[PDB]
Amino acid sequence: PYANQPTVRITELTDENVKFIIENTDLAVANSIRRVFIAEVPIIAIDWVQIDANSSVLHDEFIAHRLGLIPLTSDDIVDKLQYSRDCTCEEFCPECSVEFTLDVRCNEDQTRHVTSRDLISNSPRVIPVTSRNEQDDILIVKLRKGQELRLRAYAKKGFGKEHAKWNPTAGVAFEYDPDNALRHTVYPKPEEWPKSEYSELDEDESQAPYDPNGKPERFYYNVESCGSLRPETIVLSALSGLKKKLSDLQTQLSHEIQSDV
Amino acid sequence: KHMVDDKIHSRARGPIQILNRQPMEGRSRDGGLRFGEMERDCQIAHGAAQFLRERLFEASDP
Amino acid sequence: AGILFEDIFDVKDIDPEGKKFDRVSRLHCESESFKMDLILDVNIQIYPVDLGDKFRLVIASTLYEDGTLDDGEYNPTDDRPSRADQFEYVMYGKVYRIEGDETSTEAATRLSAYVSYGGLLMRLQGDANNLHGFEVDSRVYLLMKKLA
Amino acid sequence: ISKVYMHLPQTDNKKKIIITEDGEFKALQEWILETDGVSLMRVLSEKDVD
Amino acid sequence: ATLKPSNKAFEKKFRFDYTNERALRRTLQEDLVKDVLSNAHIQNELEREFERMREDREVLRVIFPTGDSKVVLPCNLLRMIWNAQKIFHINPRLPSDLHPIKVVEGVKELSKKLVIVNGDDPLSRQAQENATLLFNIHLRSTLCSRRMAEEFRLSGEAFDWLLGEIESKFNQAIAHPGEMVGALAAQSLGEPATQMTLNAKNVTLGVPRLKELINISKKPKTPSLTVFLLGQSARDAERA
Amino acid sequence: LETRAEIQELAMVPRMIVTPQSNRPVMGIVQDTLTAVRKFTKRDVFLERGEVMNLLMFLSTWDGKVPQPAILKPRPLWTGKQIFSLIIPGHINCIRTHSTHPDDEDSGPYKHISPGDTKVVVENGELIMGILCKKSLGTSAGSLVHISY
Amino acid sequence: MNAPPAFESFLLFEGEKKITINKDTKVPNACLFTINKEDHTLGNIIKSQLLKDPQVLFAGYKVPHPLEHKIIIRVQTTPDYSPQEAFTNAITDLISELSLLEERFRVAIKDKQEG
Amino acid sequence: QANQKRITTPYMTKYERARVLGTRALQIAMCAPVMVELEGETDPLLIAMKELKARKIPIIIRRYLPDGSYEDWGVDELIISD
Amino acid sequence: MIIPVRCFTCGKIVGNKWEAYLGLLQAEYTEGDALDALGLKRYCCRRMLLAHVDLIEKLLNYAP
């Protein structure tokens, strides 16, 4: 009639991905955490573009949509910024947005590769991932001699449910019960299937015996970040986001219980 | 190329032809759908005389 | 008490027509105290049964040791004294057919009661003296316990 | 009538369904002819034809 | 049920045996068995019922010369009877409290309540008797006093409900005035025409044959006869 | 309003389920719901308390009382037929035969206790036994839908 | 032409309540929680946390339509308890579990970075 | 035609029911008097339908016969099936 | 006509991998080894780099 006492054991931590294991928790909590990593973790991304000149072979919507998908470093800034819906300013203020600028013209005969390096931001904390001091720069558009691309973009705070550009993950390898002990799957020919990296069984065996009193535990994870948020910041921001959603829901709930009379 | 935005069509008291005061033909002219003979036969089987009357007289060319 | 039949059976064969399902098996059993043949389908996945095993079967109309009818609803929050605690395998079904060898004039000497536990079928056939409490469209239980 | 085909019908819709002395239906397998032409007034007026 | 069985099986399955007291003592209660054994008027009514079913048996033999008992009728009696068995918790192992005379009288009154044609004149009574004929036969053969005593074992309340159900389901199956059965038939015949295929001896089938039928053609594509033999020629191949 | 009521009483989908063309339903179960209902009503389908509560939530014709599971120990488990019995309305009665029903079964023994779980039998609105398919839920005559209508 | 705004899945429209409680009349001690602008992310965790409470007889969630962004959670409890109380405790329990999981994750991260 | 002997069916046909609900709904929509209670009914269709179930519809159906005669059957005299 | 930014399936950045991918192919690398050196393990990203057609390079042959 109460909560569980989950534990954590990290098996790999890098700047690109983090591999951890959660034990003593329900499958629902593990799946919701997985869903939050993709859809309810705030991040900064371009959401407003004003093309002042574009003589390239790619139309404006093609460039705007491209720019939106460029990841921006948002480790400590996303917690400080606010959503445009709640902000009491107008236009695009510094507290609810980050202004960007691009001014490129191909004067030489060689093809000019407009890259993310050319995106100049007003805040040094929010910059393209590739620009952060190996990895090459993201390619926006190629220009021919005489062509021009000049715009003024604005980044905003958002999450995955609004658009995939606001997804900080590049893959979430969620796995549980590597050896099919709970028999949640039924392999018609278990000998024809490969072994998971987290499996603990001899090669002579195909799957663990069935466990009737078994429950889903020891959920494995691999959160590969796009680069914007460090792999650990995604998990912390996720748990904090889901806990905020439940806190707000509890508030609205109490307001409805009290409103009854 | 068969998208839904190029196929979605609706009409409610739009333009009509000149020879017969019946709805136009085509999305480009805000035309109406054709309540063909096969439809008349179907509603005859249903015994729906009021619907068949509203469609062939009151909703087309009163 | 609420018991309609009770006896000790011995598994004589398992799936003679071949294994049709994976998590279910048909058991052909025979008793010794009353000599009643039995065909039962059980979930071997959670309650495995091997050939030659011996179990005690108790067909009861209610789980309460005291005479009290059930409401047919799942209420796990019930602390009343239940006879399911003394057994391992328990099922819930209804009698859907009662055959026999009766003729146009003579009564039934041998009977054959069929029960369906939500698809798991059971046929218990033998002498009529042991099958008087069985009636069609009646909810009953199984109370199966394996013994040595 | 160009040609005629003789055969035993395997289907009961063409067999001869009689009522036995016990009252049961019996389907007799009897020979029947199928022609390529149509002349009823003359074929019906023939011996051994039903 | 009265079409295919033999004369022996038809008597053993539908003729109410009011002579074997042991069987009736098993099928009926104590008040009903003494009444069936002592009273003679009832025995005559049951014999008349069996005779009426034998006449209907021959009527079906002349209607259905082929052994095809599959028929289309308004109300399914076997399901209604089963439904009554479950609605009243009928025990097929205990004796029934349904008097067979109530079964016969109930079936006759119900047959009078199903009116496809309204009128007391002999022309209307003849049309009514011919319209509900096949149904009244299936009714008297299914609601027989014997079958209701050793096969279905319904009680008085279940039988009363069964009669009221059959009456309502039948009155609900009557064609409603104004129904455009014409277009309904043309559509019912034209819909399968879109699924069928255009294509001993070669015979035309599908749309071409349906066509030649609707537009009577003086020069069909595959005209043929179906010649049947009378005597020995039907059995041997030489005379054939 | 006249035409609205006319269509509401003569051409609505519920009233058009059965057709006079062939006195049988024209709309029946379809692709996924028919393959899954086949794999759902099998004898080896057991549902836990969580899955059952997830399924019962999608029933509009549910009185809110969870049925006693067909297996109470060692673990409470409901069967697919036990939930389908709640799906079936009223107290209808039907008898059908699965597509794989052998012809040498209705003659010999086990006719009433089928080994392959064939011989669909619905009694008092409860799927006593049998595997459902197009012969029991499709557009055929005498199916559970036709009897429901 | 008809692409619904993306923010329409999470932002509450003017005057639309986040949660509505409706007492079920079919059985006693049952309620339906209709939550707006939510999905399976909360429905599954609340369902699972409610199933662990032995005083809860029924706990399920459903989405009336995937295009809509609402959810309905049904809760049935014993007479001595209450469904609103169960939904409240279930949220409190999930909050405590996530708080604990967060601290143990910060600790695991610190231990992994320091080595 | 002699009203003492009406040969038509005593049940109301599906078409008669359709037209009765339709015309009565139109009347109610034109602010006509209601015969039954209206606890929570405003949509003229639901009102006409409750009036049919209550058997309180003030309409007479003139069933025309092929010969040219007619039989006036009131909505209260007909037996509703559906 | 130009390499996308993210992988449609997962979301991994691939826009900064096209030039590097071509830079490896000219260096006598196999398409598989080149995709491995760029860190593309999932077949979804490998699909993005192995099935792309740089059509923009032909569009730049036309005067602006």
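Labels A, B, C, D, E, F, G, H and I are assigned to the chains in the order they are written; within every chain, residues are numbered from 1.
Basically, a residue touches a chain if its C-beta (ideal position, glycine included) is under 8 Å from a C-beta of that chain, and two chains touch if they have at least 3 such contacts.
Molecules present, by chain and UniProt name: A = DNA-directed RNA polymerase II subunit RPB3; C = DNA-directed RNA polymerases I, II, and III subunit RPABC3; G = DNA-directed RNA polymerase II subunit RPB11-a; I = DNA-directed RNA polymerases I, II, and III subunit RPABC5.
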Chain labels contacting chain C and also chain I: A
Chain whose Cα centroid lies nearest the overall Cα centroid: F
Higher-contact pair (C-beta pairs counted), D-E versus C-E: D-E
Rounded Å distance between chain C and chain G, as computed from the means of their C-alpha atoms: 42
Chain centre separation (chain A, chain G; CA means) in Å: 23
Mean-CA-position distance for chain G and chain E (Å): 60
For chain G paired with chain H, centre-to-centre distance based on mean C-alpha positions, whole Å: 51
Residues of chain G touching at least two other chains: 47-48, 54-55, 57
Residues of chain F touching at least two other chains: 2-3, 6, 10, 65-66, 74-75, 123-124
Chain C contact footprint on chain F (complex, rising order): 41-46, 65-82, 85, 110, 112-117, 121, 123-124, 126-129
Interfacial residue positions of chain G with respect to chain C in the complex: 54-55, 57, 78
Chain E residues within the chain F interface of the complex: 72, 79, 82-83, 86-87, 184, 187-188, 191
List of chain B residues in touch with chain F within their complex: 46-48, 50-51, 54
Complex contacts: residues of chain C adjacent to chain E: 98, 104-105, 107-108, 135-137
